[PDB]
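Just below is one structure, and these are the notes that go with it.
Counting neighbours? That spans all protein chains shown, and the Cβs are built from the backbone with ideal geometry, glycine included. Please treat every number below as a calculation from the coordinates, not as lab data.
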Ligand SMILES: *Cc1ccc(S(=O)(=O)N2CCC[C@@H](OC)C2)cc1
Ligand SMILES: *Cc1ccc(S(=O)(=O)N2CCC[C@@H](OC)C2)cc1
């Protein structure tokens, strides 16, 4: 299950 | 130009 | 970072992102929060990107170590998993402390308050991933409470395609599936969120459509894995 | 890491590699070197892998920042490039200090002495990448001297297919091309090294053949880019 990757502005 | 990557044991 | 100007910390956080120096990026954005002013939308995203990358690397390392430890069941694997776990917990506590002192209480607009409450749910969720026993129970409830407050505001104040509303619902569905042992609640939330966004896409510009459909696809990807 | 057993530091360095925690891996291997015993072949490789990954990330960040700084030509980009540069220099100085106190002087077998002298050339080369002016000259000469001593031993004591001999020649050729402004010396060294290895492949087992041909391909890849 993926959460928001959220790692790139 | 590549040197030895050398980053994995 | 008390002696550096706020604007310089923001500037350096953007450079640190370009350089893939996420620990530096998080330290610059912590310094910027501690100046005491509220954060703009772009600044909130820099704070979140920095910490998500730092804690994401810690979580990936903790999972590798926990897997080795479980297979082995000397003290070294457990000791080193504990080291990484304590570091991860410290980063989560730092982020939660910024949110508590004083980002949430000063956030009045829905966009900012929902963003920070989603972060609060996420970092308690990361604490819950490594927690055991009764500590786990109270940490789980703290994640759930933060996500629920964010959901209640988002449903009253934002359209169903808003990217923060969508990403909140995605991450709360992951919380239900992976942490709370509630797969049916996870599937129901992801399906309802996806369907209500689909029905509002007609209102969007081309660029907003792209932003919303990208997150919808992540909801769909989870539903495919869970069903 | 003075209170941790040598064997535990080695064990934890291997776990840190699996977890992609290279800063931890380098700190464990520094602790292991500082126990004062000589390093086995496997331990030398753990030391080198750890530091090559740490300094490799620093170099990549320094290049991003130096590029932004050159394009811009406030103080922030230069200040942050300087920060990263100082950190990189400190890591290189730490590795060079381990080699000087006392890994090289205790290394009597060709395999260990060549390995450490190649490391010494590499870390002076990384210092040279960020150095300017006359500092650059003495740093360049220190890299050249270390690589040359390693080359002289390798040519007397190792076969032309030995992987350390090959990787030394590859990295010394990169030094000539990228640092010393000697592209013709770089091309000549890579060609001679490749040809003399080719002529010795017939002596190798299947597994040694694979090890040597992998490095030969890197020599070929550089020759293709340089010619
Ligand atoms: C938690 C979360 C939700 C959504 C995103 S995003 O869609 O990648 N994004 C960040 C920039 C601002 C907004 O863009 C319209 C939303 C990121 C994190
Ligand atoms: C500097 C350098 C040269 C060669 C290598 S390798 O071939 O990847 N390797 C490391 C394990 C021991 C040897 O394997 C036969 C050589 C690495 C670094």
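For the peptides D:159-167, D:24-32, what is the packing order when you average, over each peptide's residues, the other Cβ atoms within 10 Å and list the highest mean first?
The most tightly packed comes first, giving D:24-32, D:159-167.
What do the square roots of 5 times the Cα gyration tensor eigenvalues come to for region D:6-226, in whole Å, largest first, as semi-axes of the equivalent ellipsoid?
28, 24, 16
Please work out the C-alpha center-to-center distance from region C:90-137 to region D:1-69 and express it in whole Å.
Comparing the Cα centres of region C:90-137 and region D:1-69, I get a distance of 33 Å.
Please give, to one decimal in nm, the separation of the simple spin-label points placed at residue D:205 and residue D:100, each 7 Å out from Cα toward the Cβ.
Placing both labels 7 Å beyond Cα along the Cβ direction yields 4.0 nm.
By counting other Cβ atoms within 10 Å of each Cβ, how are D:10, C:215 ranked from fewest to most?
Fewest-to-most ranking of D:10, C:215: D:10, C:215.
Regarding the protein assembly as shown, what are the three Cα extents along the principal axes, ordered largest first, in Å?
Largest to smallest, the principal-axis extents are 78, 58, 42 Å.
Going by how many other Cβ atoms sit within 10 Å of their own, how do B:9, D:142 line up, fewest first?
Listing B:9, D:142 from fewest to most nearby Cβ atoms yields B:9, D:142.
When you look at the Cβ of every residue in C:8-21, what mean number of other chain Cβ atoms sits within 10 Å?
That average works out to 5.
Summing -39500 (n - 2.57) over the DSSP H runs of n ≥ 4 in chain D and dividing by its residue number, what mean residue ellipticity at 222 nm do you reach, to the nearest 500 deg cm²/dmol?
-26500 deg cm²/dmol
Note down the relative contact order for region C:116-227 as a percent, whole number, built from C-alpha pairs under 8 angstrom at least six residues apart.
23 percent
Label-point separation (nm) for residue D:213 and residue C:42, each offset 7 Å from Cα along Cα-to-Cβ?
Rounded to a tenth, the inter-label distance reads 5.3 nm.
So if we plug the beta-carbon distance of residue C:72 and residue C:191 into 1/(1 + (r/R0)^6) with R0 = 51 Å, what FRET efficiency do we get, rounded to 0.05? Kindly include the intermediate steps, with their values, before the conclusion.
On the way: r = 40 Å, r/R0 = 0.79.
Efficiency, from the Cβ-Cβ distance: 0.80.
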